[PDB]
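Peer 1: build me a model from this:
(4 chains)
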Amino acid sequence: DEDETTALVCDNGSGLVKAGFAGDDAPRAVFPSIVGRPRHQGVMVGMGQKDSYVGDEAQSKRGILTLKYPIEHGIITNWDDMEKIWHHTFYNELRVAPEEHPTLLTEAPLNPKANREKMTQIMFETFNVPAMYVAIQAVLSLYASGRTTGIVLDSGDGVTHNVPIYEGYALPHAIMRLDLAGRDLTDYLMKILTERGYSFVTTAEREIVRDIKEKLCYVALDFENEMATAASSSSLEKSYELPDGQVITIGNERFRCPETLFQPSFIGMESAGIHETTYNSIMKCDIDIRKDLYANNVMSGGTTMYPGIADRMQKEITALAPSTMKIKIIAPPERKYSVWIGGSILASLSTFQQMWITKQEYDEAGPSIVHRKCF
Amino acid sequence: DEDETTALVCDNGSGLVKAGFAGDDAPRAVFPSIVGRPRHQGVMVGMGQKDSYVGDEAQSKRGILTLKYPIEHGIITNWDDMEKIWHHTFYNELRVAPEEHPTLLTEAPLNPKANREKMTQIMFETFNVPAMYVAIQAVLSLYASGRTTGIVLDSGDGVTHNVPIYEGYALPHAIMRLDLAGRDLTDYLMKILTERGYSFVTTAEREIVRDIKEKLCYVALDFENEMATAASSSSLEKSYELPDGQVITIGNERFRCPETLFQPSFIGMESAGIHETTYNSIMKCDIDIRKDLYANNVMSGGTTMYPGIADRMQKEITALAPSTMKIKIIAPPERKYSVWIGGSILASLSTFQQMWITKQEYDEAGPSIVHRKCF
Amino acid sequence: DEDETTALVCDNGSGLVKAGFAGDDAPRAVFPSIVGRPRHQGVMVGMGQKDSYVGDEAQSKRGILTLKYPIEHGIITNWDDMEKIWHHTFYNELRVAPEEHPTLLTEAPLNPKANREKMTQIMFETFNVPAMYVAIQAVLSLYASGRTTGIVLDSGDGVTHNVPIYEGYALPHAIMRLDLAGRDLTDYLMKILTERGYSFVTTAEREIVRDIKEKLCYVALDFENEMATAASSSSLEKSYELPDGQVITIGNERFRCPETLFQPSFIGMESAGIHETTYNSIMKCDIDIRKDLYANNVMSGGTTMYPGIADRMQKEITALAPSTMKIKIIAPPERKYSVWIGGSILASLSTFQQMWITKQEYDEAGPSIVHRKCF
Amino acid sequence: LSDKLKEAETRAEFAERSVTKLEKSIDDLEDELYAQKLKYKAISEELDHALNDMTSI
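Peer 2: Numbering: from 1, shown residues only, chains lettered A, B, ... in the order given. This is the structure:
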């Protein structure tokens, strides 16, 4: 289908995988990072049935499957499942076999080297990709947003990274990596919905809660005041339709879950929240850097699409920041989808063609080569 | 007399036996599961006279025979009598020797292990069957209906098993075995016909009442209103002709009988009825399963032929079910013959030839092997 | 009959009702949480006969009663039957009246809030208790066992809670509430005893099976080996005498039932077993916590009394756990009734006398007050 | 009786074929109903929420 050896681009998180091709401004398909497996003994004969289901197949057949995520806190722990995801992601929907096209995969700046090494090894030895690159997610977000400078908050399902970049340079001493993420927010919601009389303990139930969160939840500009009314009156409650026709009505839990981003103690996390994490990265940068980072809080990854988050993050930093200074958040509608787009931008830059590891250098050096070549 | 070594299908229950050749759409030999024996002293000599009569012989000469059923509440209690039923069914009516025809037998999912192994033993040691298989009636019902998913209500003479299957997999934790069946409905009718002045207790009488039930009884959609008029007027009475030319006229007993399906307390059973058990078979399955089982409530076996029952059940489950959700009953005219049809479909399936236990594996392991090989 | 206004303490679960007064070391009386009702029409005149029977009355007259348990896997729904259970517990056994004594009741940490609110409402409005306090079962389980640090494994009839507590603090993000309990084992045993030719489906039959389980069952340290011999020889069989003189001989079902605790898939549950939930609740805690929690896995509730259960879980946790570190299960003789004892300990602490909801605060605020006053 | 039966069977089968079609009409109708309700619900709710969150413009 393609008339050029454009790189293929994927952003593989602990949640979902966004995929498309280099040179576009959008992914063409999205898959959950899920491989599902039946937990029941077959009784009928001749009904097909796979050993495992991938992506959207895993969710469509989930009624009897246990659903596992191969990626946790930013890294691949199960790469056999990622190979099935990548075949499906690159060839079944995008219709391109990596054998004839370069591939770009992404990681956080401090993501364990073992993960970039496996991403490189898998695409070269299983998919025979002619070339590889593993990209920094923060770089990609800044390209997509039109910035060279800012604090990148990649606040998704796995890990919040929080890295300051200035004039294209990393400022690693100011990175505030935090093990606070969207997967934990979901777990908290499952526990508080349990308190309301709706226990969720199985995979189907877990996926429902993640659906409740995505459709009903928000952070709120002012949590304590929003909670004071939501916890006192039905006027701030919203219902959700459960798959079997039953419904659940949710009050302050609707925003208390997302609030864990600002109050991590809700899940037993030793943290002051994502806005102090952001603030400290600015604080630790040089004094003639700080002004540009205060003016550029960059939103990427999941949770950045909660109602009240763009306004809340600018307000929370303003509250920590010195007066006189202008604090600004970069949070357009195309917010968060900035990391996939950046992968496309980087892969297709003329100034980045020399950064591709070819399947020449790869076999001479082995997968450890990514640590020497990507950045 | 058959032109192919096709497995026989023999749905042998506590009521009747439907037997035929796999690959066809209907049984060829249908007999009651009856072995009859004379209960009188002979006076004439040179009268022939058998020690025992089977199937149609048992009913044709029943005027002086006591009639017994070798199968009770889903299991064989008298295997010697089943050998007599099987020999006749196979060699005289179907006109086939099992030696070249493997034969599929049927059972309920929670049916005692002893029954599945005894059936296996008789076919291998008395009939020298080359191979054996014992099938789940729910599997067969779903094949016949064109489904891999649904609740099979196999509401026959013995036991109502209420068993869910999803995507061809058993969901055994949700099977609601119920001690209410067509044999109890017959006994209830004998007791309330006694109230009307027509006591029925002897074999001829027991067979008559079963025939009355099959021909005259129904459930309709509203018991109390149907009773209000049936108990007040002859306009809802129906006459039944007894074998000697005498008649019995039956009023609300006509519906009070099968109503036991919705009111088990009528026979002293501690149960809320078949719609509660259908509901629990759906409800006890995972939330992403429930929607498909609600939409695929499958009628199978006997009693499914009471007028108003397919709609009565859809109404009664709908009444317990969440709103919005679509509750649907599958109730084709091939009702009750669907287990036989599925037996034909499964036995002849190319994908199921390896599922047959051969008479090699049988002797090495013994009859308990059916428990490990069939499902 | 008490000479002091000692708090009354009672654990009103889905299984048993344990009660006594604060300051003792045991409940004074224990009986089932049952309210029974006749399922038959009376024919003799002047026979007395109640509309409903409670506790031991419900079991004593059970031949014609249907028996219900007001508490559903840890939550009270049938508060009217529980009012009768409490009245019986207090007045016909302890010979106390809540009107003259403050009362302590208990629930699991992730138990729906409705339970605590309804228990509070009834004790204040129908029993006129001067004060109330809903305690945490995990708190009481560690008080009775003598720990401030450890995992509460409360594996009783209703629900298994699995909560880590460190230095008296909850570590709630690591709670693994699991829908696997002693109640499921009773129903599972009814189904596998059906496989052996002894079907059990009614209340009387369920009470018989609960008695079989309580007297014959164990888990064993090595399941597969115990299974291999129990399935091969009569040497591991044990008989049970039924109320009507029937005798059932039970083989590997004796442990296959209880084994569901380690293999939940036996009852269709999506779970790795109680040893993994214990393990993960510790693994989700900080490393300076884990060293103390692995050495203090603490049993409370029923099923913990099965032979091989403490050794079985310790073996599996140890196998999953890292070396050097010691893994241990605390399983004191004060099992199954230890949470009651913990209630006595809490109720009698001087540091607890400020924790009571008084019958002043209660009426001004209503029963929702328990949600703010107890914990 | 045979002609009456063939006519009664024609009516029973006619009606059974027709009821089958009607049952299909109901299944389709309910799916359409759900679409009306679901789309309505989705629209009324997406606006209540879009306007409740999108209040600052």
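Peer 1: the spatially most central residue of chain D and residue D:22, how far apart?
Peer 2: In chain D, the residue lying closest to the centroid (Cα atoms, centre = their mean) is residue D:29, at 1.6 Å. Distance, residue D:29 to residue D:22, using Cβ to Cβ, to the nearest Å: 10 Å. C-betas here are computed from N, CA, C, even on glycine.
Peer 1: how many residues are close by residue A:349?
Peer 2: The tally of other residues near residue A:349 (other Cβ atoms under 10 Å in any protein chain shown) stands at 12.
Peer 1: tell me the secondary structure at the residue of chain D most remote from its centre.
Peer 2: Distance from the C-alpha centroid of chain D, by Cα atoms, centre = their mean, peaks at residue D:56 (40.4 Å). Under DSSP: H, G, I helix; E, B strand; the rest coil, residue D:56 falls in the coil class.
Peer 1: how many other residues sit next to the closest residue to chain A within chain D?
Peer 2: Residue nearest to chain A within chain D: residue D:53 (4.4 Å; Cβ to the nearest Cβ). Number of residues near residue D:53 (other Cβ under 10 Å) recorded here: 11.
Peer 1: still on that earlier bit, in which helix or strand would I find the residue nearest to the centre of chain D?
Peer 2: helix D:2-53 (DSSP states H and E).
Peer 1: can you tell me the element the spatially closest residue to residue A:275 that is not a sequence neighbour falls in?
Peer 2: Excluding its sequence neighbours, the residue lying closest to residue A:275 (Cβ to Cβ, 6 or more residues apart in numbering or on different chains) is residue A:316, at 3.6 Å. Using DSSP H and E, the element containing residue A:316 is helix A:309-320.
Peer 1: quick one: list the elements packing against that helix.
Peer 2: helix A:274-283, strand A:297-299, strand A:329-330 (3 or more Cβ pairs under 8 Å, 6 or more residues apart in numbering or on different chains; DSSP states H and E).
Peer 1: residue B:205 is nearest to which of those?
Peer 2: Among the helices and strands packed on helix A:309-320, the nearest to residue B:205 by Cβ to Cβ is helix A:274-283 (82.0 Å).
Peer 1: and the next helix or strand past that closest one?
Peer 2: Assignment by DSSP H and E places the next element after helix A:274-283 at helix A:287-294.
Peer 1: relative to the whole chain's centre, how far out is that following helix?
Peer 2: 26 Å (Cα atoms, centre = their mean, to the nearest Å).
Peer 1: same check, this time on stretch D:24-37
Peer 2: 2 Å.
Peer 1: pull that stretch out as PDB, backbone CA atoms only.
Peer 2: What follows is stretch D:24-37, C-alpha atoms only, in PDB (Å, rounded to 0.1, in the frame of the first residue of the first chain):
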ATOM      1  CA  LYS D  24     -37.900 -10.400  13.700                       C
ATOM      2  CA  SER D  25     -39.600  -7.100  13.400                       C
ATOM      3  CA  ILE D  26     -39.500  -6.800  17.200                       C
ATOM      4  CA  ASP D  27     -35.900  -7.800  17.400                       C
ATOM      5  CA  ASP D  28     -35.100  -5.200  14.800                       C
ATOM      6  CA  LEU D  29     -37.500  -2.700  16.300                       C
ATOM      7  CA  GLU D  30     -35.900  -3.100  19.700                       C
ATOM      8  CA  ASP D  31     -32.500  -2.600  18.200                       C
ATOM      9  CA  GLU D  32     -33.800   0.500  16.500                       C
ATOM     10  CA  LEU D  33     -35.400   1.500  19.800                       C
ATOM     11  CA  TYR D  34     -32.100   1.100  21.500                       C
ATOM     12  CA  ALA D  35     -30.500   3.100  18.800                       C
ATOM     13  CA  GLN D  36     -33.000   5.800  19.400                       C
ATOM     14  CA  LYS D  37     -32.600   5.700  23.100                       C
END
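Peer 1: so which residues make contact with it?
Peer 2: B:324, B:326, B:328 (Cβ atoms under 8 Å, 6 or more residues apart in numbering or on different chains).
Peer 1: run through the residues that contact residue A:236.
Peer 2: A:226, A:229-230, A:251-252, A:254.
Peer 1: how near is the spatially closest residue to the residue of chain D closest to chain A that is not a sequence neighbour to residue C:52?
Peer 2: Leaving aside its chain neighbours, residue D:53 sits nearest to residue A:307 (4.4 Å; criterion: Cβ to Cβ, 6+ apart). Distance check for residue A:307 against residue C:52: by Cβ to Cβ, it reads 52 Å.
Peer 1: higher neighbour count, these two?
Peer 2: A direct count of neighbours by other Cβ under 10 Å for residue A:307 and residue C:52 places residue A:307 higher, at 18 against 15.
Peer 1: counting neighbours, what do you get for the closest residue to chain B within the stretch 151-300 of chain A?
Peer 2: Here the stretch 151-300 of chain A gets closest to chain B at one residue, residue A:245, 3.2 Å apart by Cβ to the nearest Cβ. Using other Cβ under 10 Å, residue A:245 is surrounded by 16 other residues.
Peer 1: again with residue A:113
Peer 2: Residue A:113 has 13 nearby residues by other Cβ under 10 Å.
Peer 1: got the phi/psi numbers for the closest residue to chain C within the stretch 201-350 of chain A?
Peer 2: Among all residues of the stretch 201-350 of chain A, residue A:268 sits closest to chain C, at 4.0 Å; criterion: Cβ to the nearest Cβ. Here is the backbone geometry of residue A:268 (degrees, to the nearest 10): phi 70, psi 20.
Peer 1: that one contacts residue C:166, doesn't it?
Peer 2: No - Residue A:268 lies out of contact with residue C:166 (Cβ atoms under 8 Å); the separation is 10.4 Å.
Peer 1: show me the residue sitting in the middle of chain A in space.
Peer 2: Note: chain A centre (Cα atoms, centre = their mean) maps to residue A:156, 3.9 Å.
Peer 1: contacts only, for that one.
Peer 2: A:13-15, A:181-182, A:301-303.
Peer 1: now, these that are in strands?
Peer 2: Counting by DSSP state E, no part of those is found in strands.
Peer 1: tell me the spacing between the closest residue to residue A:317 other than its chain neighbours and residue A:259.
Peer 2: Nearest residue to residue A:317 in three dimensions, chain neighbours excluded: residue A:327, at 5.0 Å (Cβ to Cβ, 6+ apart). Separation of residue A:327 from residue A:259 (Cβ to Cβ): 21 Å.
Peer 1: the more surrounded of the two?
Peer 2: residue A:259 (26 against 21).
Peer 1: what sits closest to the residue in chain A sticking out farthest from the centre if chain neighbours are left out?
Peer 2: Using Cα atoms, centre = their mean, the residue of chain A lying farthest from its centre is residue A:45. It sits 40.3 Å away. Of all residues not flanking residue A:45 in the chain, residue B:352 sits nearest, at 4.3 Å (Cβ to Cβ, 6+ apart).
Peer 1: how much space is there between that neighbour and residue C:226?
Peer 2: 35 Å.
Peer 1: residues contacting the closest residue to residue A:231 other than its chain neighbours?
Peer 2: Using Cβ to Cβ, 6+ apart and skipping the chain neighbours, the partner closest in space to residue A:231 is residue A:252 (4.2 Å). Counting by Cβ under 8 Å, 6+ apart, residue A:252 touches A:226-227, A:230-231, A:236.
Peer 1: surely residue A:139 meets residue A:342?
Peer 2: Yes - Residue A:139 is within contact range of residue A:342, at 6.5 Å (criterion: Cβ under 8 Å).
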